[PDB]
């Protein structure tokens, strides 16, 4: 870490070049203080990892809306609106999964059950199967663990919600009053199979399993139909430096180096000022981009957004 002198990562020069570019989005400084280390620990998804066995498709001329938003479609599912924070840990491969899973539980058991699945449980109990914890992982294997061992409930940091709420404090940037500084130093907590005190049922009793898991076929229409009847899904794309600068509009890479891979939740689509896009939920807290969400160019496999999408259906009784 660079103690306390010259803070802030990206130059106003990058922010200004993107803005001078006059593209479909506007740049702004999302990060101050943060060490360059932290910014890389944020992109914790390995692209081109293992794929799920299956791959679904749709072969009927479905009539899908011009725009769509799972939050509107499913107003009764509180988790669909929620934005989570991964802290100084590359657990996004796990976040995109538990988030989409929380949504699907509520959707597929249509209304009666709404729970926040533990990203913690996943981050800590999958193991080498999923990759290397806070240093990165693979989305496909996260869903895998859901099918095999399932996941328990667990909300936000210090929320007292669920069996295992996240134990990694929010580093929603910093600046202000020396809040937990965003650092890249952060181990992966251990797989503890015990619910937080003052919470029934028990850990193996509070488990939620998924059926199988699959890939959506790298087709705009296919990815759209899937979300339409099954709910949000997990995806991953290549994060370039300028992306960390997002404020609003439809993001289109214009400059910067590839920071790495990053998994996210895709919950809808639309068109804005003529540019087709995906409505995406990031996991860098709600004081980033457009309240935790952002839009990215759709229909051109931009930065790999359409390349690694996966999901699965939930257990139920």
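Positions refer to the first chain, counted from 1.
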- line: Entry B factor averaged over C-alpha atoms, 103-111 against 188-196: higher for 103-111
task: Going by the average Cα B-factor in the PDB entry, point out whether 225-233 or 164-172 comes out higher.
output: 164-172
- prompt: Highest Cα B-factor in the PDB entry belongs to which of 285, 37, 45, 248?
  reply: 37
statement: Note to self: of 297, 309, 14, 303, the C-alpha temperature factor tops out at 14
message: What third of the chain does residue 155 rank in for C-alpha temperature factor, lowest, middle or highest?
response: middle
query: Relative to the other modelled residues in the chain, which third contains the C-alpha temperature factor of residue 220: lowest, middle or highest?
result: middle
statement: By the entry's values, the third containing the CA B factor of residue 274 is the highest
message: Is residue 203 in the lowest, middle or highest third of its chain when residues are ranked by C-alpha B-factor?
response: highest
message: Using the temperature factors of the C-alpha atoms in this entry, rank residue 211 within its chain: lowest, middle or highest third.
response: highest
